[PDB]
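The chain below stands alone and is given in structure tokens; this is the form deposited in one PDB entry.
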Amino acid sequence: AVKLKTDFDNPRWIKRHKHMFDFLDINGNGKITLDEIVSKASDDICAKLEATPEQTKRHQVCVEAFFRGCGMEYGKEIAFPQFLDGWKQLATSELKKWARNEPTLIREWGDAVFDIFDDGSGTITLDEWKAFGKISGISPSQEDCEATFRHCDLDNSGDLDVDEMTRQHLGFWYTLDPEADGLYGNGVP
């Protein structure tokens, strides 16, 4: 049962997003732009994963929509306090879509990531997730990727499906659901 009540003043939720903001803030100057985030998505990640041009474009559209949802825009430098305010708005919007069974931006981003790794179908193997964790940088420890797979409910083949990862991500990024704690092992607090 996905937790839908927000916990935006909990220091653990704040710290999770500050950890991610600093991870996005490559030069350490306390500011990030949508340009930087889309370059990470397309020039770095999709290139290394050998995504097709169509896949790369779809993933880029999803990343653009997701981070515009938390107030970022091309040419706009955003610092952490405003980024966190944006995340509150994003979470509020996403949870209302989820409750109405309207596709969320986090689900659509997930569909784009999973499609790059697609035999059949809408699943990711542990080896594929370990590669993603290194290439995205969100989880470069293969042990942390292993923990993700232990944490989640996997399919019959031991693979992860986008429905499961979506439910986990709602709890991890938006509501600080205790059921999502540990989703990224020790890699993301």
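Superpose the two forms; the largest set of C-alphas matching within 1.5 Å is the rigid core. Start at 1 with the first residue shown and count on from there.
Visitor: Count of coordinate-less deposited residues separating residue 102 and residue 103, as none, 1 to 3, 4 to 9, or 10 or more?
Guide: Unresolved stretch here: none.
Visitor: On mean C-alpha B-factor from the PDB entry, just flag whether 82 to 90 or 108 to 116 is the higher one.
Guide: Result of the comparison: 108 to 116.
Visitor: Averaging C-alpha B-factors over each stretch, which comes out higher, 156 to 164 or 40 to 48?
Guide: For C-alpha atoms only, the mean B-factor is higher in 156 to 164.
Visitor: Highest Cα B-factor in the deposition, which of 33, 60, 136, 29?
Guide: 29 has the highest C-alpha B-factor of those listed.
Visitor: Determine, from the deposited record, the chain-internal third of the Cα B-factor for residue 69: lowest, middle or highest.
Guide: Its C-alpha B-factor, which the entry lists for residue 69, ranks in the lowest third among residues of this chain.
Visitor: Tell me, lowest, middle or highest third: where does the Cα B factor of residue 177 rank within its chain?
Guide: Answer is middle: the recorded C-alpha B-factor places it there.
Not pictured, yet referred to below: the form deposited in another entry.
Visitor: Any CA movement of 2 Å or more for residue 157 between this form and the one not shown, core superposed?
Guide: The answer is yes, as the C-alpha of residue 157 shifts between this form and the one not shown by 2 Å or more after core alignment.
Visitor: Does residue 67 move its CA by 2 angstroms or more between this form and the one not shown when the core is aligned?
Guide: Comparing forms between this form and the one not shown, the residue 67 CA shifts below 2 Å.
Visitor: Has the Cα of residue 53 moved 2 Å or more between this form and the one not shown, judged after a core fit?
Guide: Result for residue 53: yes, a 2 Å-plus shift.
Visitor: Are residue 184 and residue 143 closer or farther apart at their Cα atoms in that other deposited form than shown, with the shift being 3 Å or more?
Guide: Compared with the form shown here, the C-alpha atoms of residue 184 and residue 143 sit farther apart in that other deposited form, by 3 Å or more.
Visitor: If the CA atoms of residue 184 and residue 132 move by 3 Å or more in that other deposited form, do they move toward each other or away, so closer or farther than here?
Guide: Compared with this form, residue 184 and residue 132 lie closer in that other deposited form.
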